[PDB]
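Reading through the structure tokens given below for one structure.
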Amino acid sequence: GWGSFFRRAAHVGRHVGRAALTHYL
Numbered sequence: 001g002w003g004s005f006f007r008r009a010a011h012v013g014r015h016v017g018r019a020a021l022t023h024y025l
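According to the deposited numbering, numbering within the sequence shown proceeds without interruption in unit steps and concludes at 25.
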């Protein structure tokens, strides 16, 4: 709508959001 103010309260779900390629897992 005006900016989809929702997930911004946690940026999707962090972790995978920011990065994860570092984890050899």
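C-beta atoms are modelled at their ideal positions from N, C-alpha and C, and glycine is treated no differently.
Beta-carbon contacts of residue i that lie in its chain and below 7 Å, excluding the five residues immediately before and after
i, result
"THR22", "none"
"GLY17", "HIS11"
"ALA9", "none"
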